[PDB]
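Quick notes on the structure that follows.
For neighbour counting, all protein chains shown are included, and Cβ atoms are generated from backbone atoms with ideal geometry for every residue, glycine included. Laboratory data are not the source of any read-out in this text; all were calculated from the coordinates shown.
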Amino acid sequence: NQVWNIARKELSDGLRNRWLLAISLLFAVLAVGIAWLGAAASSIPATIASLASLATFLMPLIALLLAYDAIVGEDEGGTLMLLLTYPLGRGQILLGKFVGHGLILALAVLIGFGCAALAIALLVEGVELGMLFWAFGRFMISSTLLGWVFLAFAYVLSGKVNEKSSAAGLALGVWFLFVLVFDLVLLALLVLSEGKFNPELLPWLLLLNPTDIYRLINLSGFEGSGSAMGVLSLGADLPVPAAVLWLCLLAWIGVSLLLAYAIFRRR
Amino acid sequence: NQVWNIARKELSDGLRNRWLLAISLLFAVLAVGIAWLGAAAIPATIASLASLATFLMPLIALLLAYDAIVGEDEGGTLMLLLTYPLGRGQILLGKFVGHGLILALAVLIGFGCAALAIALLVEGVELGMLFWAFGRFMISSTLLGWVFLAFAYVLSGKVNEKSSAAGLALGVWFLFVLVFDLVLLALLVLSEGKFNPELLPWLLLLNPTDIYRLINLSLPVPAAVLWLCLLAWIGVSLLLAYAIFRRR
Amino acid sequence: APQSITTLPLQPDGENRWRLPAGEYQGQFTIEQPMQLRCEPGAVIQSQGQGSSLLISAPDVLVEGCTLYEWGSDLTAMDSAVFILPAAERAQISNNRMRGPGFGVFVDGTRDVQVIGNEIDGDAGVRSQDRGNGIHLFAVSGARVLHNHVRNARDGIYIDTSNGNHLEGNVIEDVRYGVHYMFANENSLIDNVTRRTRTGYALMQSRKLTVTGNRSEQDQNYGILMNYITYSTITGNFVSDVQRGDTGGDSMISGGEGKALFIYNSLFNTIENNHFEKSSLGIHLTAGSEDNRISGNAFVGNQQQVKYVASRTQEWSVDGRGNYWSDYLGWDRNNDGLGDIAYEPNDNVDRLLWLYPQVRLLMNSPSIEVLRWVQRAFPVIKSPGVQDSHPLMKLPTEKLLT
Amino acid sequence: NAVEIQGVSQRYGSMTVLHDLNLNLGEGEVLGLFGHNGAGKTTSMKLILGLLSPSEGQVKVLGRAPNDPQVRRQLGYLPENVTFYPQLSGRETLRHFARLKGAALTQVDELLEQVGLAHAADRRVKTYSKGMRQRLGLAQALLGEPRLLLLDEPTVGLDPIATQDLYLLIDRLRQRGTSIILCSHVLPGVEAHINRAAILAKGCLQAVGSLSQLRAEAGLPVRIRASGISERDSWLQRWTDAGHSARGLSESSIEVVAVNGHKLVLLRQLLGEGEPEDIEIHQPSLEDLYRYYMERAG
Amino acid sequence: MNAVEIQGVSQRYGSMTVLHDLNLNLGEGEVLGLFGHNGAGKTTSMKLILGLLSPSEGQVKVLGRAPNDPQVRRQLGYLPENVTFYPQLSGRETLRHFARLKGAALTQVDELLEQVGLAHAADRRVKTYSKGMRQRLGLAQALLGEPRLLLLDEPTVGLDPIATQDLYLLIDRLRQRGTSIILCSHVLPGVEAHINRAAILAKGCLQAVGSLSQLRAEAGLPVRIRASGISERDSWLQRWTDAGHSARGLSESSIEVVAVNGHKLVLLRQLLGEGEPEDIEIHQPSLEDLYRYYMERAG
Ligand SMILES: [Mg+2]
């Protein structure tokens, strides 16, 4: 298939990016350091809310470092106009790039949260390995989905721009907006109104931010206190179950990939 | 003089940089938004403006001048400019004049609207103290920015490609702002039997952001040595940049 | 030292009640008989500068309306103005003016003594080390001291091992200590006002006492100092603007940066509904003093709210209701009085400043501003502090500012 | 018949960047498009590659539609400026293009040795020269028996030994039964190996046909220098007879000029009388033909 | 006066000498072609004419004095290969910047912007310029003042050939005034009508220097004769290949003939008189054939 032949390229081109392997080992050396400090401080809902915040700062960062130059990095490089004269479509050289860069994020977090599990099963003696596998299996199959959102976000801002220097400005803009501006816009809306803006609309604004849907999935069972959560404490007022929060994370992929394909179809 | 003829280029090229004008607008917006939450809610707000201008004025300087030498080498104009009646000193010092007046203007839009948001929202601010504490603020924020301007000329002349210049300009910004003070704290909280904490007020003189904050908090040393230590960070790193630029 | 019968008292009523006319007098005087003597306002009983001016040794003496001046200063021989013996049970000292460099009201071994409505101006030139106590109480059970005005004494109202007594509504101005407590088990004090004092309330080693409604206006370096108090009750105190300074003698306390409340080894006590306003430190919680009911206070305007140099967690809300904090940037969705997120008053960088004062030079750094944000994002590095779930959203002490 | 563009007038935004070109192409010819670096030539380049839809007219690449998958396996496109993938190697990039087009994987060895690139294979493309990337850019164009090449300035940034050998590689393909389109701008030197030039200007295809058909239909003067003859004075007297200009240089060096109406009987006097040393006969080349058709079109 | 007198320099990097024993000499009005490969052979000699390097064992007398003086570089243009200018500046402000540096008057900017043909596209950004448009810009900065010496490192790359003939018309406008230039190009057909003396050099050394008459006279090369519009080689090719001079059978009605130009050159010349083709081009051995000979003379 042609979708795998261009996925096999990006799997062998993203792993030669030295900027990736710095901040994917940085994701590994922090997930071991948090899980060792989370074992020495024994608590359990604080080492989940800090790992989910760690993958909020880094799994969008590895996704936007990968795929900001996926379309516009090939257009000004000359090899995009060449690729359309091969037996391909515009839907196959995008879904192939999504599969190709998606397996990197599936490996950048299996390295990261993989050594976090061996820095817990070999550190806290007598821990329940069944409870460890379920919670950190939920970290693995949902930090990929957070990564695949920002992978599909980066294809939107690559097809729209026509210069890679402006794609790096937009990729820095999307990383600042969804991670630590939307968490601060929602905080400043709650502080300045003292929680009296809307007592029913404001928990539903967490679903307009995929980093907050990511934090709400991993903090489902280990809720605990509220000040470790901060603005994620509004998710207790969300009446949706945990399974719908998976589907709103997948709907952030499929809407922003069909938007990524409809932009690229009129490139 | 040809030190100004190449400075008029960098004024005209720097003011059309789309990356600078995004950050310089964001520097002027956040200087109002700190001044908004410092008047409605003066050393407590001139320190919070100092923490803003320690984040962004190294970032403004490193966005301007990471591609000053190696950005002309990749464009091929650096090889062209040396065949003109121009020394290598007049290209570097002329870029330092041209890029220097850019962030000397970015604090006049940055703090010119921040001091406007203080002088018109206190109503009794006693402005004789304002124009001396902000006159010391706008001058020392340019001199902090001129250090990282001269730091950017050091890393531009050393590298051979523009992609590894931004990898060092991000690396110098990380090391000199928020890695050097974290290893000062790590020398405190992890070493206590052989680390005298009285020596630590002198170790701030090896860091131009640390010398920047000490003249916004007014200390074993006086104030006038820190001005001559902030200017020494310009004069050594420009001399280091000229010694690197003569070895291309 | 003459006697009270050696004066010229004009008797108004023949039920052991006397009335001294207007006119100055001289020397010490001693009460040995139960005489309920009153005085005209021009009765200036001025001593010469030695001895106790009005010694009382008989029970049921209603001293009223005197004006005492310039007694002794030998604090070892207890040169007081009104000396009250242990045999002088149920003495009333009502509406008196005193001016002299020693003890104002020295009582010891007494029961049901009433020191009401007096004005005790201590000194002007002595260095607050030999001025003598304002209202000294030494092991009294039953006393009732109300609405006096002590000014410029040494350590204010000293109380030593006195069991049951009330201190209601008395104003204490420009003294070293406001109210001093030494081993006074089962005490009580209501509505007192202490102004411009090097320690507003010294509560040293006294259990089971009630501190309620008291006011501390612009005192120095210690608002309410509690040393080793157990099963106490701190309800409604208003501690305002504790500036830095020093006591000048450094005997039992040290110099402070300005603390509205200093808890030293106090294990169990209820600290509710207070108001700690505009000091440098709102409350100092020592390492020995844990697990006590601290809920409902108002920590407004303080430059640092809690100082807690420990790593043990400390919940500050009994029955689900916490305290009002001025710098609490929280919201209230469900419209109750409580906030929705908990409030940690201390960071990790807020406790490096207490351990190492050289971090004050680094306090404006972006890395410190990074480190303030890394704690809010990664709660594993947050040391367990002095948080309170459900803090208050509005001021609970709307009446204490009056 | 490889490429039969007929009646195509490509427009967008009512700019009408292409105008009614009727461009056939043989099964073995080497066509050359010689427009500007503007929307005249590069829009016609996109229609043959099939990445543009032909408004008002059809394009039949290889007798089929130009966007079908079964024709794009038989095409090869060398784009203008291709820094391909600077972290990948030389072999792995060409292997990646091999699995895309469906070419057999054994071609990747014998194309990186055919083109002079085996010394720099298994090395990263950021360590390539601009001439070495065009060598890779040809190596993906020859991938898996291409029955229609389409090169777009393949000899720019390239050595004179290499572009002589590249035209030997082109003549290997012309006998092998494919068609090559040479979108070029380096017109002195390319006129030996093309079969039919296609000069187009401002959208309209100005002239097409072989080099003999271009020189005959557009009257262009043939310049001839004859240096080192025995004498000039009785030979300028010989050539102040037919009404054409002449200028000597050194001893007898008259650079006379025929309008291709007198040149056949011109040479018949030169051999039969005189001892000429250096006679150079320039036919009207591609570039002055291109400097006529651009001049005639305004 | 000789403009460039490279008096036997030998520029080395370490122990290896990338340019060995180069002995060039440019006249006062000549047009020299520094032909060679793209690597360190030509581009080290091109820096020695400028002040960018120093001779390791020789000296260069650019206009009779040292190359790094300010008196030289005010009258010395240089267009480099693959130049991309400041992409946020305008076309006019880039030339107004380069005129202020070289000491030329600002009245010459608007003249040169129409002279190279940029007045339609002046005052637009350099980022929205084509490859040939920056070549027109980079040529225009070389003409600032009255430059006695130009080093046009590939001036013709990316230009439409109606403008390259305008470019060589600017050369003949320049070299009549006495401004000797240096070509460092690669499109070798075309440049031979304006090069006064080529200076082809190999990897290390310098191979050949002289005029196009002197190059073909020493380097004995076959003369190329092409014809068209005539029947196949069976009537032709068995007249020369049996007679010791080749005939490269090209495509149909395009077969070209080569011979060693001795006594057999006239035997080609009597062919087309009797067996008349049309479009019968006969060229001297070109710069391309001279390049392919001398490169194989040195490795
Ligand atoms: Mg609530």
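Below is a table of values for the structure above.
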{"item": "Residue that is in contact with a helix residue (DSSP H, G or I) (Cβ under 6 Å, 6 or more places away or on another chain) and within 14 Å of chain A (Cβ to nearest Cβ), where the choices are C:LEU392, C:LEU371, C:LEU329, C:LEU352", "result": "C:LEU329"}
{"item": "Qualifying positions in the stretch A:215-238 - within 16 Å of the ligand (Cβ to nearest atom), among the hydrophobic types (A, V, I, L, M, F, W, C) and part of a loop (DSSP other than H, G, I, E, B)", "result": "A:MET229"}
{"item": "Lone qualifier among B:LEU120, B:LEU92 - being more than 14 Å from chain E (Cβ to nearest Cβ) and over 25 Å from B:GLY14 (Cβ atoms)", "result": "B:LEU120"}
{"item": "Single residue of A:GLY114, A:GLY78 found to be touching a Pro at 6+ places or on another chain (Cβ under 6 Å) and over 25 Å from A:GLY254 (Cα atoms)", "result": "A:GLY78"}
{"item": "Search result, residues across the stretch C:332-368 that are under 30 Å from B:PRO197 (Cβ atoms) and either of a type in the set (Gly, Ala, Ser) or within 16 Å of the ligand (Cβ to nearest atom) (or both)", "result": "C:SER365, C:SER367"}
{"item": "Some residue of the stretch A:198-214 being facing chain C (nearest Cβ under 9 Å), under 23 Å from A:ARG138 (Cα atoms), assigned to a helix (DSSP H, G or I) and within 16 Å of the ligand (Cβ to nearest atom)", "result": "yes"}
{"item": "Residue within the stretch D:60-78 that is of a type in the set (A, V, I, L, M) and in contact with a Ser or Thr (Cβ under 8 Å, 6 or more places away or on another chain) present", "result": "yes"}
{"item": "Elements of type helices (runs of 4 or more DSSP H) contained in the stretch B:1-108, each with 1 or more residues being among the polar types (S, T, N, Q) and in contact with a strand residue (DSSP E or B) (Cβ under 9 Å, 6 or more places away or on another chain)", "result": "B:7-14"}
{"item": "Residue list for the stretch C:374-384, restricted to those being surrounded by 18 or more Cβ atoms within 10 Å (Cβ to Cβ) and either among the charged types (D, E, K, R) or at the interface with chain B (Cβ under 7 Å from one of its Cβ atoms) (or both)", "result": "C:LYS382"}
{"item": "Any hit, the stretch C:174-182, residues being surrounded by fewer than 24 Cβ atoms within 10 Å (Cβ to Cβ), in contact with a strand residue (DSSP E or B) (Cβ under 6 Å, 6 or more places away or on another chain) and farther than 24 Å from C:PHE83 by Cα", "result": "no"}
{"item": "Criterion violated by D:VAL59 - all others in (1) within 13 Å of chain A (Cβ to nearest Cβ); (2) surrounded by 20 or more Cβ atoms within 10 Å (Cβ to Cβ) satisfied", "result": "(1)"}
{"item": "Residue satisfying condition, being buried (at least 17 other Cβ atoms within 10 Å of the Cβ) and away from chain C (no Cβ under 14 Å), within set A:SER233, A:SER256, A:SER227", "result": "A:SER256"}
{"item": "Strands (runs of 3 or more DSSP E) contained entirely in the stretch C:46-141, each with at least 3 residues that are of a type outside the set (S, T, N, Q)", "result": "C:54-56, C:62-64, C:80-84, C:97-99, C:103-108, C:119-121, C:135-138"}
{"item": "Filter pass, C:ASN335 being among the polar types (S, T, N, Q) and either over 30 Å from B:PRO208 (Cβ atoms) or buried (at least 20 other Cβ atoms within 10 Å of the Cβ) (or both)", "result": "yes"}
{"item": "Qualifying positions in the stretch D:271-298 - hydrophobic (A, V, I, L, M, F, W, C) and within 8 Å of chain E (Cβ to nearest Cβ)", "result": "D:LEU271, D:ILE279, D:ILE281, D:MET294"}
{"item": "Selection from the stretch C:302-323 of residues that are of a type outside the set (A, V, I, L, M), more than 16 Å from the ligand (Cβ to nearest atom) and part of a loop (DSSP other than H, G, I, E, B)", "result": "C:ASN302, C:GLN303, C:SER311, C:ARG312, C:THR313, C:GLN314, C:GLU315, C:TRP316"}
{"item": "Single residue of D:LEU236, D:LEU264, D:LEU214 found to be surrounded by 17 or more Cβ atoms within 10 Å (Cβ to Cβ) and assigned to a helix (DSSP H, G or I)", "result": "D:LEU214"}
{"item": "Any pair with Cβ under 6 angstrom, 6 or more apart, that starts in the stretch C:375-402 at a residue that is within 15 Å of the ligand (Cβ to nearest atom) and ends at one that is among the basic types (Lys, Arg) and part of a loop (DSSP other than H, G, I, E, B)", "result": "none"}
{"item": "Candidate set: the stretch A:126-174, residues that are aromatic (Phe, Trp, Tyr) and closer than 28 Å to A:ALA242 by Cβ; chosen: the one surrounded by the most Cβ atoms within 10 Å (Cβ to Cβ)", "result": "A:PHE150"}
{"item": "Wholly enclosed helices (runs of 4 or more DSSP H) of the stretch E:84-184 bearing at least 1 residues of a type in the set (S, T, N, Q), surrounded by fewer than 22 Cβ atoms within 10 Å (Cβ to Cβ) and out of contact with any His (no Cβ under 9 Å at 6 or more places or on another chain)", "result": "E:107-115, E:161-175"}
{"item": "Breaking point among (1) within 16 Å of the ligand (Cβ to nearest atom); (2) touching a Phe, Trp or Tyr at 6+ places or on another chain (Cβ under 7 Å), for C:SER326", "result": "(1)"}
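To keep it simple, each residue is scored yes or no on (1) away from chain E (no Cβ under 14 Å); (2) crowded, with 20+ Cβ neighbours inside 10 Å.
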{"residue": "B:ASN5", "(1), (2)": "no, yes"}
{"residue": "B:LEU37", "(1), (2)": "yes, no"}
{"residue": "B:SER48", "(1), (2)": "yes, no"}
{"residue": "B:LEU56", "(1), (2)": "yes, yes"}
{"residue": "B:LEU62", "(1), (2)": "yes, yes"}
{"residue": "B:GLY76", "(1), (2)": "no, no"}
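Conditions tested, residue by residue: (1) hydrophobic (A, V, I, L, M, F, W, C); (2) in contact with a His (Cβ under 7 Å, 6 or more places away or on another chain); (3) outside any strand (DSSP E or B).
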residue: C:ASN163; (1), (2), (3): no, no, yes
residue: C:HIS166; (1), (2), (3): no, no, no
residue: C:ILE172; (1), (2), (3): yes, no, no
residue: C:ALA184; (1), (2), (3): yes, no, yes
residue: C:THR197; (1), (2), (3): no, no, yes
residue: C:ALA202; (1), (2), (3): yes, yes, no
residue: C:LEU225; (1), (2), (3): yes, no, no
residue: C:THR233; (1), (2), (3): no, no, no
